[PDB]
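Convention: sequence-line order gives letters A, B, ...; per-chain numbering from 1.
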Amino acid sequence: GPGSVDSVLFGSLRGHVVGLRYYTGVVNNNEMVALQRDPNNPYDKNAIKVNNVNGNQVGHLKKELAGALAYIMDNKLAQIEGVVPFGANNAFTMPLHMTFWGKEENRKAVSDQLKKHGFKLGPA
Amino acid sequence: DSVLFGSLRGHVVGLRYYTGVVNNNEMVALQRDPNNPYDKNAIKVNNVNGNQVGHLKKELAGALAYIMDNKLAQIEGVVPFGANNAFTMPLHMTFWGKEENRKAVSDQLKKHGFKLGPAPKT
Amino acid sequence: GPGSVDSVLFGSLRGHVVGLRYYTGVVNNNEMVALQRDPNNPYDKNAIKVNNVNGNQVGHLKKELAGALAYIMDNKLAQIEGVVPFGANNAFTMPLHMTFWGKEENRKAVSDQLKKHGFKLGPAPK
Amino acid sequence: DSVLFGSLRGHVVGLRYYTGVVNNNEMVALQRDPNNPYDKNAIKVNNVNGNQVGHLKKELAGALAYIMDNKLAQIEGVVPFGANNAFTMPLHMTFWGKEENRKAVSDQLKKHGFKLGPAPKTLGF
DNA sequence: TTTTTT
DNA sequence: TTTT
DNA sequence: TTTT
DNA sequence: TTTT
Ligand code: NA
Ligand code: NA
Ligand code: NA
Ligand code: NA
């Protein structure tokens with residue numbers, strides 16, 4: 001979502017969009033994608049949809065990553081921008097580059113949540 | 001309830017007339033100035049501390065004012081580079097809103113020749 | 001077309017795309033457009049078509065502009081990149097921003113050609 | 001005779017392994033190296049003097065090698081900013097070719113997830 | 001020291 | 001963090 | 001480890 | 001007679 005004007009860069013994380021065979025949303029390399037929570041997903045309450053900029057679903061975040069990010073999105077600790085760098089025509093999974101922005105005071109809370117699930121932000 | 005609509009690029013202008021400074025990769029705020037004596041569509045660009053940096057170009061403001069005034073989208077601005085430019089400053093804008101308003105936003109932009117795209121902040 | 005590896009920025013120029021009502025090609029603001037000479041044009045031997053990046057014709061360069069640029073394009077004195085900054089959905093005319101690239105050995109000939117037609121190059125971005 | 005197909009953005013990588021320097025807004029040359037023992041698709045990036053600066057990222061080279069080898073497009077590279085970076089450098093690529101080859105270029109790019117767009121070398125000021 | 005703020 |  |  |  002839109003970040004506050006005092007939002008700053010927290011760091012980056014690499015992950016994957018999965019479930020591609022079940023959706024038809026098209027994305028190309030170097031394009032933004034949207035991360036969108038789907039708490040009513042009957043298979044995973046932590047589900048995060050990945051949509052293209054026109055609104056069409058591309059796939060889901062891998063459930064292990066969703067299990068970490070769900071808390072961060074739900075409590076608005078950071079806004080997360082997704083970009084597909086390569087592999088946008090892949091049949092089953094594609095890489096995702098995620099950039100985290102947020103208020104300085106929320107920086108530690110984000111990093112701590114990621115560490116809990118075995119993730120860590122990389123450099124700017 | 002807000003979803004990603006896409007992005008636009010533009011420039012902040014009139015820098016020499018204001019004292020607000022910006023760092024590279026910093027957010028900026030867009031703020032309407034409807035009583036501007038030269039352009040009712042004016043959109044100010046302010047830095048994180050609230051000091052004015054400049055204005056959107058009149059052609060861009062001409063497209064966006066309707067969108068802001070009718071709350072059809074929230075527009076996030078960031079200056080990705082060229083923050084120390086003398087006359088104009090690059091601006092990246094990301095648009096967010098309700099799906100019910102996606103068409104109205106694209107229609108308004110289209111009147112002015114703009115089309116939201118998929119370019120990220122970085 | 002593609003420039004030589006030793007090509008440098010010459011400068012910039014603002015102009016206009018015309019004849020929009022006669023073509024169905026679509027362009028949006030901040031998009032590149034292609035400048036394509038059309039010497040076989042039965043109305044103007046200096047004609048320069050403007051196409052979108054998919055190759056669909058959008059219109060033509062204004063004739064007074066074409067009259068200055070045709071020589072530069074034909075003699076390959078510079079490569080010209082066009083961008084439509086605003087007005088891409090206008091009914092009849094839209095503005096065009098042009099940047100000029102070329103070898104330093106030709107920079108003078110370009111400026112003298114433009115100045116011959118009352119045009120001049122401005123600064124290119126830093 | 002060649003027409004504009006569009007542009008792509010990417011990065012020059014492996015800078016720290018080469019000595020070639022680029023300045024901002026300088027053109028660079030793309031040169032295939034089919035004998036590279038790490039990657040037959042390798043595309044060198046050389047500066048104006050012919051000195052190697054780095055390589056195209058392997059995923060991008062994987063898409064472009066076919067296009068270069070079959071002369072489906074001419075690719076013009078410019079470094080729009082970050083020319084002084086130590087590790088990786090932004091690259092803007094403009095594609096030109098014969099109209100009859102436009103679909104082949106787009107098909108080859110699409111197989112690798114790439115799509116040419118309308119972004120110029122510069123948006124001006 | 002532009003496309004020269006809005 | 002940071003080739004091919 | 002074949003989406004979530 | 002407001003594209004070239
Ligand atoms: Na799919
Ligand atoms: Na100022
Ligand atoms: Na038209
Ligand atoms: Na180096």
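- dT6(E) atom P lies 16 Å from atom CG of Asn46(B), rounded to whole Å.
- More than 90° away from 0 lies the glycosidic angle of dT2(F), which makes this nucleotide anti.
- For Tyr23(A) against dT3(G), a side-chain N or O and a base N or O form a donor-acceptor pair under 3.5 Å.
- The side chain of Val18(C) lies closest to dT3(H), out of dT4(G), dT3(H), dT6(E).
- Between the CG atom of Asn36(D) and the P atom of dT3(F) there is a distance of 14 Å, given to the nearest Å.
- A distance cut-off of 5.5 Å between ring centres, combined with a plane angle under 30°, places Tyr17(D) in a stacking arrangement with the base of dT3(F).
- Note on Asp39(D): only backbone sugar-phosphate atoms sit closer than 4.0 angstrom, heavy atoms only; bases stay farther off.
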Which pairs of donor and acceptor atoms, one on a side chain in residues 13-25 of chain C, lie under 3.5 Å apart (sequence neighbours left out)?
residue  : atom : partner  : partner atom : Å
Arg14(C) : NH1  : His97(C) : NE2          : 3.0
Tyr23(C) : OH   : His60(C) : NE2          : 3.2

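- Distance CG (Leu96(A)) to P (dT4(G)): 14 Å, rounded to an integer number of Å.
- In this structure, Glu81(A) contributes its side chain and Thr99(A) its backbone to no donor-acceptor pair below 3.5 Å.
- Near DNA chain F, meaning a heavy atom under 4.0 Å away, the residues from residues 57-65 of chain D are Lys57(D), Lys58(D).
- Among the nucleotides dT2(E), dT6(E), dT3(G), the one closest to the side chain of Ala42(B) is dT6(E).
- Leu56(D) comes within contact range of the sugar-phosphate backbone alone, with a heavy-atom separation under 4.0 Å but no base atom that close.
- In this model, the phosphate group of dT3(F) is not approached by any side-chain N or O of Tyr38(D) to a distance below 4.0 Å at OP1 or OP2.
- Using a 4.0 Å heavy-atom distance criterion, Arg32(B) is classed as making no nucleic acid contact.
- Within a 6.0 Å radius of CZ in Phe119(C), other residues, nucleotides and ligands contribute more than 12 heavy atoms.
- Listed for the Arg32(D) side chain is no donor-acceptor partner under 3.5 Å among the backbone atoms of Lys44(D).
- A positive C1'-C2'-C3'-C4' dihedral is found for the sugar of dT2(H), placing it in the north range.
- Nucleic acid contact for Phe92(A): none, since no nucleic acid atom lies under 4.0 Å from a heavy atom of the residue.
- Using a 4.0 Å heavy-atom cutoff across all strands shown, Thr93(A) reaches no nucleic acid atom at all.
- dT1(F) atom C1' lies 20 Å from atom CZ of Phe10(A), rounded to whole Å.
- Between the side chains of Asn46(D) and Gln52(D), no donor-acceptor pair is found at a separation under 3.5 Å.
- Taking atom NE2 of residue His97(C) and atom P of nucleotide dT3(E), one finds them 8 Å apart after rounding to whole Å.
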Candidate pair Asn52(C) and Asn56(C), rule side chain to side chain donor-acceptor pair (under 3.5 Å), full reasoning: CA-CA 5 Å; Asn52(C) 65 20; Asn56(C) 313 125; 3.2 Å; yes
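- Between the side-chain ring of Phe125(D) and the base of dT3(E), a stacking contact exists by the 5.5 Å and 30° definition.
- One can place CG of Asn46(A) at 18 Å from P of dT3(G), the figure rounded to the nearest angstrom.
- In this structure, NE2 of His11(B) is placed 14 Å from P of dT4(E), rounded to the nearest angstrom.
- The CG atom of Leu20(C) sits 12 Å away from the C1' atom of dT4(H) (whole-angstrom rounding).
- Under the 3.5 Å distance criterion, the side-chain polar atoms of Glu26(D) are matched with a main-chain donor or acceptor of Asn23(D).
- By the neighbour-count criterion of 12 heavy atoms within 6.0 Å, atom CG of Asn70(B) is densely surrounded, having more than that number from other residues, nucleotides or ligands.
- Residue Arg16(D) places at least one side-chain N or O closer than 4.0 Å to OP1 or OP2 of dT3(F).
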